[PDB]
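Here is the structure we will look at, set down as structure tokens.
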Amino acid sequence: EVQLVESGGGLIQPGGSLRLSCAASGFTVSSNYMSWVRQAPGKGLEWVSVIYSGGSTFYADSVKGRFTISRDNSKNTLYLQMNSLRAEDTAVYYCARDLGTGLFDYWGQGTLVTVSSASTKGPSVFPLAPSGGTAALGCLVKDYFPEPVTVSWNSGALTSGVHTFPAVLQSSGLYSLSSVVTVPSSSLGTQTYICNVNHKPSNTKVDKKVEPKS
Amino acid sequence: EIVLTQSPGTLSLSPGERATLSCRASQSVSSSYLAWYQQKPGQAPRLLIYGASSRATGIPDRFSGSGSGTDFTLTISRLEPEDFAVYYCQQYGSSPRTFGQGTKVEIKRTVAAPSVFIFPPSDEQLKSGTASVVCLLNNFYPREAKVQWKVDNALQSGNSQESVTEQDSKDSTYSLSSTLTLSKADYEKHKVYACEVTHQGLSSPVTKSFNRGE
């Protein structure tokens with residue numbers, strides 16, 4: 001069973017340097033073409049680098065002079081050294097095996113490399129109050145960094161009809177997220193609705209009650 | 001850098017229907033140097049077809065490939081719930097290993113009009129110094145939808161950010177949140193704030209508006 005398990009990815013400031021590792025099981029790294037291929041957030045796949053069985057290394061123009069591919073045979077690992085990082089390098093990376101010199105037949109699970117020049121900041125939680133039949137309410141979790149954020153409703157008691165929107169990166173460098181839910185409007189005054197926001201990178205938990213408005 | 005162009009960009013088909021994706025190359029690649037890959041959201045790619053007509057190990061007999069020269073075709077004979085994902089074509093004949101820009105295959109539900117709600121900024125957020133007006137489009141299809149912001153019937157563009165949810169698991173619907181962030185002064189300088197939704201499911205564009213402080 002061919003299994004590629006990747007690790008080492010994480011948050012890092014621009015200009016930094018990371019070392020992505022990919023451990024293999026079921027085949028030899030020294031005898032196979034081993035490639036790194038990344039996927040930008042909301043974009044297709046681009047082949048990053050490759051190491052041949054004979055030690056030959058090749059890189060793309062976008063990573064030439066900044067990335068270095070290597071393989072360790074005693075522990076059958078693949079290393080990708082990332083230097084001079086920029087926001088363009090933010091992506092989910094995959095180590096892959098090349099069968100028949102070009103076919104990426106077996107992949108890994110992927111590791112995330114996030115390059116941002118911010119600082120860790122806690123979120124500010126604001127309500128989105130309602131106002132026939134179905135009523136929509138929600139929470140705006142603004143100005144936090146970095147991802148992720150777990151948002152529940154009524155400490156998990158309310159799961160039907162919840163839509164948590166993906167966080168977008170504002171121009172200020174922090175993230176903004178919206179968590180909305182549709183409920184029976186009749187229960188708006190006779191039921192307490194709390195959105196629970198947990199942001200572990202800053203260890204910030206906010207329980208915000210959403211009560212109707214005028 | 002032989003240019004692969006996939007067609008279409010997004011293919012809306014229901015389970016059971018026959019999917020036909022196209023990959024057209026700028027320069028001819030030999031028939032046995034085009035591969036078709038599958039990728040699901042949050043998952044690594046998966047080699048489906050090698051040599052443009054041969055199936056990878058494990059791949060059902062509903063996936064198929066054909067073509068030659070510059071034109072290639074990926075055929076899903078009968079669609080399954082599990083097949084709805086992104087698909088890529090890659091040429092690996094020359095040295096520049098290039099991918100296609102992607103082709104998404106998604107479940108077509110009947111055109112559903114978005115339930116449009118609007119959320120003005122709260123008093124806490126207005127005390128914070130900035131105001132973000134939220135516009136929620138709930139349970140609509142397709143994903144293509146236009147959201148316009150009008151401050152006193154004046155179209156504001158370039159200061160609002162959109163966020164789209166993943167396709168729902170049951171009804172295959174979308175939810176969109178458009179956040180218009182503006183200063184407290186610019187918020188209090190006007191009265192009428194409107195979100196205008198232009199969608200294929202709406203015979204007439206729907207305007208959800210509010211008046212500041214009412």
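How things are named: the first chain in the structure tokens is A, the next is B, and so on; residues count from 1 in each chain; ligands count from 1 in the order shown.
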
Per residue of chain B within 9 Å of chain A, note the shortest atom pair and the distance in Å to one decimal, counting only C-alpha atoms, and order the rows by chain and increasing residue number, as a tab-separated table.
residue	atom	partner	partner_atom	distance
B:33	CA	A:102	CA	8.0
B:34	CA	A:103	CA	9.0
B:35	CA	A:103	CA	7.3
B:43	CA	A:109	CA	7.1
B:44	CA	A:109	CA	5.9
B:45	CA	A:107	CA	7.0
B:46	CA	A:105	CA	7.5
B:47	CA	A:105	CA	5.6
B:48	CA	A:105	CA	8.9
B:50	CA	A:103	CA	7.3
B:56	CA	A:105	CA	8.3
B:88	CA	A:44	CA	8.4
B:91	CA	A:102	CA	8.5
B:92	CA	A:102	CA	5.4
B:93	CA	A:102	CA	7.9
B:96	CA	A:60	CA	8.8
B:97	CA	A:47	CA	7.0
B:98	CA	A:46	CA	7.1
B:99	CA	A:45	CA	6.5
B:100	CA	A:44	CA	7.5
B:101	CA	A:44	CA	5.5
B:102	CA	A:44	CA	6.2
B:117	CA	A:136	CA	7.2
B:118	CA	A:130	CA	8.5
B:119	CA	A:128	CA	5.6
B:120	CA	A:128	CA	7.3
B:121	CA	A:128	CA	7.4
B:122	CA	A:127	CA	6.6
B:124	CA	A:126	CA	7.1
B:125	CA	A:126	CA	6.4
B:132	CA	A:140	CA	9.0
B:134	CA	A:128	CA	8.1
B:136	CA	A:180	CA	8.4
B:138	CA	A:163	CA	8.8
B:161	CA	A:168	CA	7.8
B:162	CA	A:168	CA	8.0
B:163	CA	A:165	CA	6.1
B:164	CA	A:165	CA	6.4
B:165	CA	A:165	CA	5.3
B:166	CA	A:165	CA	8.4
B:175	CA	A:163	CA	7.3
B:176	CA	A:165	CA	7.7
B:177	CA	A:165	CA	7.2
B:214	CA	A:214	CA	7.2

>> With only C-alpha atoms as the counted atoms, please give the residues lying no more than 6 Å from region 11-22 of chain B, apart from itself and same-chain residues fewer than 3 positions off, as a PyMOL selection string.
In response: chain B and resi 6-7+72-80+104-108

As a short mmCIF file (atom, residue, chain, number, x, y, z; two decimals) with N, CA and C atoms, in the first residue's frame, please: the residues near residue 207 (chain A) (cut-off 8 Å, only C-alpha atoms, same-chain neighbours under 3 positions excluded).
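Below is the file that was written, part31.cif:
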data_model
loop_
_atom_site.label_atom_id
_atom_site.label_comp_id
_atom_site.auth_asym_id
_atom_site.auth_seq_id
_atom_site.Cartn_x
_atom_site.Cartn_y
_atom_site.Cartn_z
N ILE A 194 -27.43 31.97 20.79
CA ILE A 194 -26.07 32.41 21.04
C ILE A 194 -25.16 31.78 19.99
N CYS A 195 -24.32 32.59 19.37
CA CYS A 195 -23.27 32.10 18.49
C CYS A 195 -21.98 32.02 19.29
N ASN A 196 -21.30 30.88 19.20
CA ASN A 196 -20.09 30.60 19.96
C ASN A 196 -18.92 30.54 18.99
N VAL A 197 -17.99 31.47 19.14
CA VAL A 197 -16.83 31.61 18.26
C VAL A 197 -15.58 31.24 19.04
#

> So which bits of region 113-179 of chain B end up strand (DSSP E or B) when you DSSP the backbone, as a ChimeraX atom specification?
Replying inline: /B:115-119,130-141,145-151,154-156,160-164,174-179

Please produce an output containing C-alpha atoms for each residue in the selection, written as an mmCIF file, in the first residue's frame.
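Result went into out20.cif, see below:
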data_model
loop_
_atom_site.group_PDB
_atom_site.id
_atom_site.type_symbol
_atom_site.label_atom_id
_atom_site.label_comp_id
_atom_site.auth_asym_id
_atom_site.auth_seq_id
_atom_site.Cartn_x
_atom_site.Cartn_y
_atom_site.Cartn_z
ATOM 1 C CA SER B 115 -33.813 34.371 -0.270
ATOM 2 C CA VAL B 116 -32.385 37.863 0.211
ATOM 3 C CA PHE B 117 -31.981 39.319 3.699
ATOM 4 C CA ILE B 118 -30.099 42.429 4.808
ATOM 5 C CA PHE B 119 -28.361 43.135 8.120
ATOM 6 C CA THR B 130 -16.688 51.139 11.270
ATOM 7 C CA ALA B 131 -19.920 49.769 9.802
ATOM 8 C CA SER B 132 -20.338 46.585 7.758
ATOM 9 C CA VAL B 133 -23.685 45.993 6.052
ATOM 10 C CA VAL B 134 -24.331 42.318 5.282
ATOM 11 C CA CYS B 135 -26.422 40.975 2.396
ATOM 12 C CA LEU B 136 -27.374 37.287 2.605
ATOM 13 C CA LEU B 137 -28.537 35.267 -0.417
ATOM 14 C CA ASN B 138 -29.835 31.961 0.953
ATOM 15 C CA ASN B 139 -30.432 28.659 -0.857
ATOM 16 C CA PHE B 140 -29.982 29.636 -4.503
ATOM 17 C CA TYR B 141 -28.720 27.967 -7.675
ATOM 18 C CA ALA B 145 -25.295 35.733 -8.895
ATOM 19 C CA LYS B 146 -24.788 39.509 -9.033
ATOM 20 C CA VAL B 147 -24.939 41.531 -5.805
ATOM 21 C CA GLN B 148 -24.873 45.327 -6.120
ATOM 22 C CA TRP B 149 -24.666 47.903 -3.323
ATOM 23 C CA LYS B 150 -26.508 51.227 -3.563
ATOM 24 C CA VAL B 151 -25.937 54.005 -1.029
ATOM 25 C CA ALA B 154 -25.599 55.610 -5.815
ATOM 26 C CA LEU B 155 -23.798 52.449 -6.899
ATOM 27 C CA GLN B 156 -20.874 51.727 -4.567
ATOM 28 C CA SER B 160 -17.620 45.209 -0.724
ATOM 29 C CA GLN B 161 -16.387 41.614 -0.479
ATOM 30 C CA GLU B 162 -18.325 38.446 -1.310
ATOM 31 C CA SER B 163 -18.123 35.008 0.315
ATOM 32 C CA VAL B 164 -19.775 31.874 -1.106
ATOM 33 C CA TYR B 174 -25.565 28.043 -2.416
ATOM 34 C CA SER B 175 -25.428 30.853 0.122
ATOM 35 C CA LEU B 176 -23.646 34.148 -0.493
ATOM 36 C CA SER B 177 -22.706 36.920 1.930
ATOM 37 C CA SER B 178 -21.732 40.333 0.577
ATOM 38 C CA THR B 179 -20.201 42.599 3.220
#

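All residues of protein, DNA or RNA that reach within 10 Å of residue 27 (chain A), judged by only C-alpha atoms and not counting those fewer than 6 positions away in the chain, are residues 1, 2, 3, 4, 76 and 97 of chain A.
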
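One distance worth recording is that between CA of residue 29 (chain A) and CA of residue 55 (chain A), which is 11.0 Å.
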
>> Please report the interatomic distance between CA of residue 129 (chain B) and CA of residue 121 (chain A) in Å with one decimal.
In response: 17.7 Å

> Taking only C-alpha atoms into account, which of A:190, A:32, A:90, A:171 comes nearest residue 73 (chain A)?
Replying inline: A:32

> Per DSSP on the backbone, what are the helix (DSSP H, G or I) residues of region 18-184 of chain B, as an MDAnalysis selection string?
Replying inline: chainID B and resid 31:33 81:83 123:128 184

Would you save the residues from that selection as an mmCIF file, in the first residue's frame, using N, CA and C atoms?
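Saved file selection_25.cif follows:
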data_model
loop_
_atom_site.group_PDB
_atom_site.id
_atom_site.type_symbol
_atom_site.label_atom_id
_atom_site.label_comp_id
_atom_site.auth_asym_id
_atom_site.auth_seq_id
_atom_site.Cartn_x
_atom_site.Cartn_y
_atom_site.Cartn_z
ATOM 1 N N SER B 31 -0.715 10.687 -28.148
ATOM 2 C CA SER B 31 -1.932 10.238 -27.474
ATOM 3 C C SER B 31 -1.664 9.638 -26.102
ATOM 4 N N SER B 32 -0.497 9.025 -25.907
ATOM 5 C CA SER B 32 -0.182 8.402 -24.629
ATOM 6 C C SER B 32 0.591 9.325 -23.705
ATOM 7 N N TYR B 33 0.373 10.636 -23.806
ATOM 8 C CA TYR B 33 0.961 11.601 -22.883
ATOM 9 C C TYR B 33 -0.059 12.658 -22.481
ATOM 10 N N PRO B 81 -23.241 10.317 -7.575
ATOM 11 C CA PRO B 81 -23.067 11.352 -6.543
ATOM 12 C C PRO B 81 -21.609 11.607 -6.214
ATOM 13 N N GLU B 82 -20.812 10.543 -6.163
ATOM 14 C CA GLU B 82 -19.419 10.595 -5.752
ATOM 15 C C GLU B 82 -18.498 11.187 -6.814
ATOM 16 N N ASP B 83 -18.960 11.326 -8.056
ATOM 17 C CA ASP B 83 -18.116 11.805 -9.143
ATOM 18 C C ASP B 83 -18.075 13.323 -9.264
ATOM 19 N N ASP B 123 -25.106 48.522 17.040
ATOM 20 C CA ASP B 123 -24.644 49.691 17.779
ATOM 21 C C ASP B 123 -23.227 49.498 18.302
ATOM 22 N N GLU B 124 -22.867 48.271 18.681
ATOM 23 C CA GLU B 124 -21.506 48.002 19.141
ATOM 24 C C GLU B 124 -20.498 48.238 18.024
ATOM 25 N N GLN B 125 -20.798 47.730 16.828
ATOM 26 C CA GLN B 125 -19.895 47.919 15.699
ATOM 27 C C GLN B 125 -19.798 49.390 15.314
ATOM 28 N N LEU B 126 -20.921 50.112 15.350
ATOM 29 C CA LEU B 126 -20.883 51.544 15.065
ATOM 30 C C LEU B 126 -20.080 52.298 16.115
ATOM 31 N N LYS B 127 -20.114 51.831 17.365
ATOM 32 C CA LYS B 127 -19.260 52.404 18.397
ATOM 33 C C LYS B 127 -17.796 52.069 18.150
ATOM 34 N N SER B 128 -17.524 50.935 17.496
ATOM 35 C CA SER B 128 -16.141 50.531 17.262
ATOM 36 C C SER B 128 -15.448 51.455 16.270
ATOM 37 N N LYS B 184 -17.801 54.971 9.824
ATOM 38 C CA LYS B 184 -18.960 55.415 10.590
ATOM 39 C C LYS B 184 -19.472 56.751 10.073
#

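Straight-line separation from CA of residue 171 (chain B) to CA of residue 9 (chain B): 22.1 Å.
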
>> Excluding residue 191 (chain B) and its own-chain neighbours fewer than 6 positions away, which residues fall within 9 Å of it when counting only C-alpha atoms? Please give them as an MDAnalysis selection string.
In response: chainID B and resid 151:152 210:213

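Using only C-alpha atoms for every distance, the candidate list B:193, B:203, B:84, B:182 yields B:84 as the residue closest to residue 169 (chain B).
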